[PDB]
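The form deposited in one PDB entry is given below as one chain in structure tokens.
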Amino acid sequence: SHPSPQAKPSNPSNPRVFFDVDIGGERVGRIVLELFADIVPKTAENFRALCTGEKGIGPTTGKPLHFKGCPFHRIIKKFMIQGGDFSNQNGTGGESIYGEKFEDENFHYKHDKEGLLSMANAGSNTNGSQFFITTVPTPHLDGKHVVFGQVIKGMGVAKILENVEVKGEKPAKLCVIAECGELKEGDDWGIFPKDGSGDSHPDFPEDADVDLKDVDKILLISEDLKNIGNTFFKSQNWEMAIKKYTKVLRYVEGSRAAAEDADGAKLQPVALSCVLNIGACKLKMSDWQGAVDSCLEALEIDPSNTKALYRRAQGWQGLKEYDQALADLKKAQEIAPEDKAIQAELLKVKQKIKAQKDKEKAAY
């Protein structure tokens, strides 16, 4: 067996197909896959056709030979995600474009990395329509399952799938291939989020065209995304604003990790402002622990940030952790003694503590 291809794609002439994935009725993103037609032409072609649905209705199932609407029925964190049972949706059905089952074509490639596309089966020469995507190397499957493609965009969507809540191995939420098909050469990738916001960047920075070491370009992307987050903020859509600010932090994280210390420092102002904005949104939604956690993140960038101390004390008040709230506001006041909002909030918390202690000790 041969190591699986490191380049993405392995071969410019290999077909590319995609899955748009929904979880609990919400679009999570697109996964783009390379199919290894240069090595397993028959297995690749089966999967390609099931992405387009072009072969029509399966004779043995009487259902469309097509992945659209098909759930991921079996998911095991830190192993794989399995789907493709378009007829029974539970691992007992599906069929191939060649008949109910077809032969193991070859076992050329090793299951030696995450992101590999491989045929599910019930033993030798029992390939149908079901597949899995690995999320780790799975060499124990070598020689038993035909490896026939790899993820080339959207591994991060596959990572979200792998981490869904499950009962046994069945997702609690419906995880489905909402749309699917084949990308022709010259077709747009279609991997920006389909959320009407005008965002032209992939949700995961490793999928973006930009070198993550190019901090100046990452800064301009971050500003673009932050701006879109603010568009949502100004329309009170706290959830979507947080989504965009959070995406700025993914780009910032990837870049700071790839770049040198001093280059990465350039991104801190924009990261700080997005973490603060997220804390603001979480307070708007009464997510007290979420706010507290985001404020910490801010103080980990700027330990003297009075905005973050003030908001953290508000999050602590929601949790009814008034000692924590008092301490944060006292520290904020020391830094910013002229801040009237902080003066007033300290009085308010002191009154809350007294009232709480009075209620706890009062007796008829």
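One-based numbering along the sequence shown. The term rigid core refers to the maximal set of C-alpha atoms that superpose within 1.5 Å between the two forms.
We do not show the form deposited in another entry, though everything after this point is about it.
Once the two forms are fitted on their rigid core, between this form and the one not shown the CA displacement reaches 2 Å or more only for 292 among 75, 116, 292, 228. With the core superposed, residue 266 shows a C-alpha displacement of at least 2 Å between this form and the one not shown. Once the rigid core is used as the reference frame, the Cα position of residue 275 differs between this form and the one not shown by 2 Å or more.
After superposing the rigid core, the Cα of residue 172 is displaced by less than 2 Å between this form and the one not shown.
Relative to what is shown, residue 279 and residue 220 are farther apart in the other form; their C-alpha atoms differ in spacing by at least 3 Å. Between residue 219 and residue 291, the Cα spacing is larger in the other form than in the shown form, differing by no less than 3 Å.
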